[PDB]
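**Q** Sharing a structure, written as structure tokens. Questions coming.
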Amino acid sequence: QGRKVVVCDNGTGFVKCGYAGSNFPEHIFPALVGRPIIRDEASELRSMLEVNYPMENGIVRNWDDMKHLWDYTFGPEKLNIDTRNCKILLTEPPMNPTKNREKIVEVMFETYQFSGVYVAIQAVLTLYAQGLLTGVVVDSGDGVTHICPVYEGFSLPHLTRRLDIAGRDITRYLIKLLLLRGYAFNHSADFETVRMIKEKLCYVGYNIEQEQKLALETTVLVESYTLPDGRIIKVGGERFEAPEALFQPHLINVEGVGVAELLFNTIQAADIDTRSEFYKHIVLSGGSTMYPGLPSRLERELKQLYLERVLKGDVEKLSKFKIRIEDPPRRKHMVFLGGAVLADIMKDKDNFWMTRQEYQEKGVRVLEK
Amino acid sequence: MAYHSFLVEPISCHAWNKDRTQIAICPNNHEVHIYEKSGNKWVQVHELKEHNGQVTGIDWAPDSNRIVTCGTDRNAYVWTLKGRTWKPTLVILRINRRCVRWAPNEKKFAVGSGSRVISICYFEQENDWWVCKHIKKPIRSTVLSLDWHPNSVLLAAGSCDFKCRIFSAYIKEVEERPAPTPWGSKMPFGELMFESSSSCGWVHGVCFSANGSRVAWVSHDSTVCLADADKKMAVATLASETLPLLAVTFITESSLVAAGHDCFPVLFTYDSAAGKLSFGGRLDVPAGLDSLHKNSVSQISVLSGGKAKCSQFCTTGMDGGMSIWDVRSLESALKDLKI
Amino acid sequence: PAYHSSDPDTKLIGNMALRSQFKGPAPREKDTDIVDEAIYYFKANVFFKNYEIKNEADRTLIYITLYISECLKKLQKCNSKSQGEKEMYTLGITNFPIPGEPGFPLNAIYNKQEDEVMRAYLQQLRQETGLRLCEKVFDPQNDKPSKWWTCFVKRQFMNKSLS
Amino acid sequence: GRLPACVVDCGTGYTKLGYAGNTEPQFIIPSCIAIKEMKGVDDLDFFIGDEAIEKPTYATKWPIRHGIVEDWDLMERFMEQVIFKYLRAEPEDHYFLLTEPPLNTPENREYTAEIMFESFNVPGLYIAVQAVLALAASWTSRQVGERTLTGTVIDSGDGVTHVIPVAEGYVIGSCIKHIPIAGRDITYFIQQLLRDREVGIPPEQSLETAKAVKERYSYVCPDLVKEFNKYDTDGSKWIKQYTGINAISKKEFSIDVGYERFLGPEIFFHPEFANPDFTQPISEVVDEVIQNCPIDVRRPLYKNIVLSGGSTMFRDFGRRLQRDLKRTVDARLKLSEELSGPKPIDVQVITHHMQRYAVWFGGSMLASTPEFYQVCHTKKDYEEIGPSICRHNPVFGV
Ligand SMILES: Nc1ncnc2c1ncn2[C@@H]1O[C@H](COP(=O)(O)OP(=O)(O)OP(=O)(O)O)[C@@H](O)[C@H]1O
Ligand SMILES: Nc1ncnc2c1ncn2[C@@H]1O[C@H](COP(=O)(O)OP(=O)(O)OP(=O)(O)O)[C@@H](O)[C@H]1O
Ligand SMILES: [Ca+2]
Ligand SMILES: [Ca+2]
């Protein structure tokens, strides 16, 4: 009846698009515009192709590339549908400029001439799949690890922090770490390779002292891995020390205190009537939330920063503090599914969605927000 | 006495089909394999790569023809056959942290894990989704082995807390009420009906009888302990000179067979008269090993006959060999073995 | 790379028809010839194993070379220039290889009148090659075959041979 | 401090040892060690260098196979005699810079570190990359204008010839390509050619004679037609004569050197001649190596093409190399400019003065700087932390 609704998440590095209602994404392609100079369709050929990213750290840099990216996202490769005869729902990042949000709908009403549009907050959509009103949505993709606090369907822009450490930075940390270990890899040639190795064997440990101990003393953390060239490398403690920059951002020469310290200093910096509520509902969504062992470390450090500062040494008064974080099994793309749910729910619900006629008559900023 | 060399690595879980026509197993991998039997040689037919880690538990609902599986992937998959492809459905376990078995009712499954909470789970047809309520009362450790009783309302499980408790995971929204059992009258979801008295050794094995009168379990203190509610929940233990047992199952109402780190399937009988357990002996008598499997047994299910009169015993171990046993051949071999 | 053969209106016979006194299906022949052209780059292409066909003339050059190999292999035991000429006539008179017969080691690469013209051109080409090579093969000293030409007796061009 | 450290590059066919700072090696010996066909000082009876090539009471063994070490103990004894018998310098009172292959394993570097630090108790130890010092030796052809650690280095030796891309001192393993034609294979080609062309040469001196032919008269030509037509038409000014002495009869044996002198050196420009399992020419290998690497550094890799090793000292090799490379490059550029509805790609093959032993020259030039005392792993750090201290060598000099 509504001419097929859809949902598209255009992230920094990985774009995930799926039909509304789908429990997963119906197409997941790498976000990179490629050009030739000689006489997942672009990622296959990158050694001899000039690749560019339209969405830099969440924001769009080159509209001439973003337009073609949209034409390739709605093209006969992944979606294969008419933009003028189908509605859509895009995902936006927290702390985004009003100019960006305006230009988005502007280009979605004029360039693509869509008949339907429905934007929503990624921090809100990520919790929407979990079915909650108040919670902490922390997104760590390839651009930046922004920590957003949501409450009653809204996010305090004065409470939304951000750590400049992303999956790309994890890759660079792993590739830098392996070099010291004795091996040798290139900064640009084996980029995706290093990213894969990190995605595979690397992780985040709970007890850094005990993990370092297990690595130095025992030979149980050391695992082997085969490369594309056929040669094999054996990485040990480098597996965990590389992702450990997520907890302490001083290991990569960055300004900040750490994701755990950021979340904790943003938790105690809330209303005292909401402090016991926001500490019991924290949603983990983003590519960097698939690192085996992040949940335990977050819970532990969050426990530390509310027992050294909130309890101030009081051991007995530590148990009373609620501590419950949920690492969902489908947390890898909660932003997408959360949309795929919303777009399925508000498919034909009243008329709370931007129209083309309302975008052609008047108001490119026709946004009830 | 029919051992089949399938792989070189160890085995995780052993499952069978309704008519025992197909067998399913996992080889400590991110995927689970399903093989059938076409003649003397066996050949693989299905492969499921849904889980994202080493598969720990897997059980197949016979009448329902539907196999559920849950392991290190911190998730559960209620796989059902869809045409020529086994489609898996992600049943949320809701656990922040190694066992699974369907009920006799084949309507809800128990998922005992390291979250110190026996996560029972039924299928809500109202929301077209699986829900998992967690029974965590009086539970201090992971659920090694979980086995149902004939009531399909009371579950038994051994823990790393050196005890084998028999609690109730009865969801009153998926079945009718439960009749009065000898193990108690008050049966509520989360209510602890029974427990062990051991303070040593881990309860790696646990299985209830067919009559539902007695519940036995194997502890890792080189000791096996069977309890009978027929004699006011009397507990009868016995220390084996052999190593610890890993899996425990009953062949008859008074005769059980079990193996483990001893790497050799053993038989035992418990006299209701005196009220004590007795050892039958070594049913598996013949690398360098003196037995079929070159490692410890890891699981032991029943092929056909029931827990009152098993005609064939299926044994999976850490040796990578499928040990198919028969009570008839075993009784024809060892003449000094009273079942 | 490898070597190739250097008219718009030129007759052809089969997959491959370009100055000798021997009779044949050969047209009148300029200063340089196909035999001379084949003899020019003979010592080079012999070591090469891989080769690509660019023109029909290249097949003829390959044939002349493959014939030159056996011709030299036979001339290796020569003791006189006249003996070499006679042996050249014997080689030209020989018929053991044909296009897609019992093995030309290149039957995958290459009517009655066409076959006759091809065979005649083959005998004429073999005779021309033998006769032309017979003079250059022997040195002015002691009427013996030169070692600098018998050097390529063991090497085989395109890893194939007529014999 | 007051004294000088020692430098030792172990190659497949020849080992180059000496003192850093010197113009040439203090001893350039053969990569072979004498052994018995065991307790006590049985390991002390070991001869290395040229004095082991033709032992009769002992057996001549080869250790360095294709740049990598095969038998560790033998190499240990060899380094022992290289330190005490050939160099005769106090190890505890001197540092040392050892050379590694392009495909040197990390564990191998660890083992080398163990053998150098535990047994010798060296005051300093530094394991360097061959191409890294090679680009530095190539930075001793061009003066101060363009001395950079960016460029593509092709190291050809007796064991294996390789094309390794180097960027700012850091090599790109994913782009590195291996070649099959090495100095021993060209020497062997000369041996077979000489075996088929003329006779009267003793079999016990055939190989050495072939090597001599590859040394004195071997030269690479531009065309394969003219170098033969000049020998067929003239052959009075081209064909050279070689005279040797048969070690057996002590008599003057003589042979004629000709076309082989062109063919052997031509084996690199065309590998199809003597290898059925190889069809790629060196030009294509270098092209693919430069192309399969980062695009941003591709121009720099094509700009600084450095020749390293002994097998690249042959006459007019780099000329033909640069010719073919620039030919294919200009061709592809024209093809890209014909369908363009491009800037001039500059390519240069550098020929260093010490291109024969560049791997050791670069090391001597690195060890002479003060930074080499700051960069080299200390014995203290080696005993305090472990072998992992020698696992990552810093690159400086830029
Ligand atoms: N198993 C894994 N463990 C840890 N990190 C991973 C894993 N898989 C992928 N990643 C990382 O996640 C990043 C991308 O995640 P994701 O697609 O969820 O965010 P994004 O949409 O690309 O970024 P943003 O939302 O900030 O624009 C990649 O850089 C990758 O390194
Ligand atoms: N004058 C010369 N001109 C050209 N090539 C020569 C000359 N003398 C020796 N060679 C060849 O160079 C080869 C040795 O080269 P080089 O010293 O670079 O290798 P290496 O360092 O001993 O071994 P690797 O390259 O594995 O380290 C020998 O096989 C020899 O055939
Ligand atoms: Ca995202
Ligand atoms: Ca070398």
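Chain identifiers are assigned as A, B, and so on, following the order in which chains appear in the structure tokens; residues are numbered from 1 within each chain, and ligands are numbered from 1 in order of appearance.
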Skipping near chain neighbours, those fewer than 6 positions away, what residues fall within 10 Å of residue 129 in chain B using only C-alpha atoms, listed as a list in words?

**A** residues 89, 90, 91, 92, 122 and 123 of chain B

**Q** Those same residues, written as an mmCIF file, in the first residue's frame with N, CA and C atoms?

**A**
```cif
data_model
loop_
_atom_site.group_PDB
_atom_site.id
_atom_site.type_symbol
_atom_site.label_atom_id
_atom_site.label_comp_id
_atom_site.auth_asym_id
_atom_site.auth_seq_id
_atom_site.Cartn_x
_atom_site.Cartn_y
_atom_site.Cartn_z
ATOM 1 N N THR B 89 16.833 -20.324 13.493
ATOM 2 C CA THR B 89 16.187 -19.166 14.102
ATOM 3 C C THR B 89 16.894 -18.790 15.402
ATOM 4 N N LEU B 90 17.338 -17.541 15.493
ATOM 5 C CA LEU B 90 18.101 -17.080 16.650
ATOM 6 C C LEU B 90 17.210 -16.848 17.864
ATOM 7 N N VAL B 91 17.179 -17.830 18.758
ATOM 8 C CA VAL B 91 16.427 -17.720 20.002
ATOM 9 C C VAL B 91 17.274 -17.040 21.070
ATOM 10 N N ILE B 92 16.913 -15.806 21.408
ATOM 11 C CA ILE B 92 17.657 -15.020 22.388
ATOM 12 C C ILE B 92 17.772 -15.747 23.724
ATOM 13 N N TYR B 122 10.863 -21.252 25.952
ATOM 14 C CA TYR B 122 9.721 -21.763 25.216
ATOM 15 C C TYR B 122 9.475 -20.898 23.990
ATOM 16 N N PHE B 123 8.657 -21.399 23.072
ATOM 17 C CA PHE B 123 8.346 -20.666 21.852
ATOM 18 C C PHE B 123 6.989 -19.986 21.957
#
```

**Q** If you count only C-alpha atoms, which residues fall within 6 Å of range 141-148 of chain B, apart from same-chain ones fewer than 3 positions away, as an MDAnalysis selection string?

**A** chainID B and resid 112:114 116 155:161 204:207

**Q** Per DSSP on the backbone, what are the strand (DSSP E) residues of range 276-321 of chain A, as a PDB file with N, CA and C atoms, in the first residue's frame?

**A**
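Output (states_8.pdb):
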```
ATOM      1  N   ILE A 282      22.708   0.353  29.349  1.00  0.00           N
ATOM      2  CA  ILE A 282      23.670   0.844  28.369  1.00  0.00           C
ATOM      3  C   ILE A 282      23.737  -0.091  27.166  1.00  0.00           C
ATOM      4  N   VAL A 283      23.376   0.431  25.996  1.00  0.00           N
ATOM      5  CA  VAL A 283      23.325  -0.370  24.777  1.00  0.00           C
ATOM      6  C   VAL A 283      24.613  -0.257  23.971  1.00  0.00           C
ATOM      7  N   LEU A 284      25.170  -1.405  23.598  1.00  0.00           N
ATOM      8  CA  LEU A 284      26.407  -1.449  22.824  1.00  0.00           C
ATOM      9  C   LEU A 284      26.120  -1.705  21.348  1.00  0.00           C
ATOM     10  N   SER A 285      26.363  -0.697  20.513  1.00  0.00           N
ATOM     11  CA  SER A 285      26.119  -0.811  19.079  1.00  0.00           C
ATOM     12  C   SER A 285      27.240  -0.166  18.273  1.00  0.00           C
TER      13      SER A 285
END
```

**Q** Identify, counting only C-alpha atoms and all ligand atoms, the protein, DNA and RNA residues located within 7 Å of ligand 1, and give them as a PDB file with C-alpha atoms, in the first residue's frame.

**A**
```
ATOM      1  CA  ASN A  10      25.331   5.109   5.210  1.00  0.00           C
ATOM      2  CA  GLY A  11      28.161   4.909   7.734  1.00  0.00           C
ATOM      3  CA  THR A  12      31.782   6.005   7.507  1.00  0.00           C
ATOM      4  CA  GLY A  13      33.258   2.852   5.992  1.00  0.00           C
ATOM      5  CA  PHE A  14      30.518   0.235   5.729  1.00  0.00           C
ATOM      6  CA  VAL A  15      27.100   0.924   4.210  1.00  0.00           C
ATOM      7  CA  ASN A  57      34.132  10.668  10.026  1.00  0.00           C
ATOM      8  CA  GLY A  58      30.352  10.747   9.647  1.00  0.00           C
ATOM      9  CA  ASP A 139      28.706   3.971  18.751  1.00  0.00           C
ATOM     10  CA  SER A 140      32.237   3.056  17.679  1.00  0.00           C
ATOM     11  CA  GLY A 141      32.512   2.667  13.904  1.00  0.00           C
ATOM     12  CA  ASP A 142      35.324   3.501  11.484  1.00  0.00           C
ATOM     13  CA  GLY A 143      35.011   7.275  11.822  1.00  0.00           C
ATOM     14  CA  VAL A 144      34.857   8.067  15.534  1.00  0.00           C
ATOM     15  CA  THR A 145      33.662   6.514  18.795  1.00  0.00           C
ATOM     16  CA  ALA A 166      37.623   4.157  15.774  1.00  0.00           C
ATOM     17  CA  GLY A 167      37.861   0.809  13.988  1.00  0.00           C
ATOM     18  CA  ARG A 168      40.252   2.375  11.504  1.00  0.00           C
ATOM     19  CA  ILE A 170      42.178  -0.178  15.746  1.00  0.00           C
ATOM     20  CA  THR A 171      43.480  -1.339  12.365  1.00  0.00           C
ATOM     21  CA  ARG A 195      42.086  -4.996   9.461  1.00  0.00           C
ATOM     22  CA  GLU A 199      39.059  -8.629  13.276  1.00  0.00           C
ATOM     23  CA  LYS A 200      40.170 -12.240  13.637  1.00  0.00           C
ATOM     24  CA  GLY A 286      28.857  -0.439  16.480  1.00  0.00           C
ATOM     25  CA  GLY A 287      31.482  -2.480  14.665  1.00  0.00           C
ATOM     26  CA  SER A 288      33.956  -2.080  17.515  1.00  0.00           C
ATOM     27  CA  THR A 289      31.464  -3.772  19.850  1.00  0.00           C
ATOM     28  CA  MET A 290      32.193  -7.208  18.381  1.00  0.00           C
ATOM     29  CA  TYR A 291      35.620  -7.370  20.015  1.00  0.00           C
ATOM     30  CA  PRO A 292      35.466 -10.454  22.225  1.00  0.00           C
ATOM     31  CA  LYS A 332      26.853  -5.469  14.999  1.00  0.00           C
ATOM     32  CA  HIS A 333      24.244  -3.365  13.188  1.00  0.00           C
TER      33      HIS A 333
END
```

**Q** Work out how far apart CA of residue 221 in chain A and CA of residue 99 in chain B are and give it in Å to one decimal.

**A**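 Here the two named atoms are 26.1 Å from each other.
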
**Q** Taking only C-alpha atoms into account, what are the residues of chain D at most 7 Å from chain A, put as a ChimeraX atom specification?

**A** /D:106,172-174,292-294,335-336,339,391-392
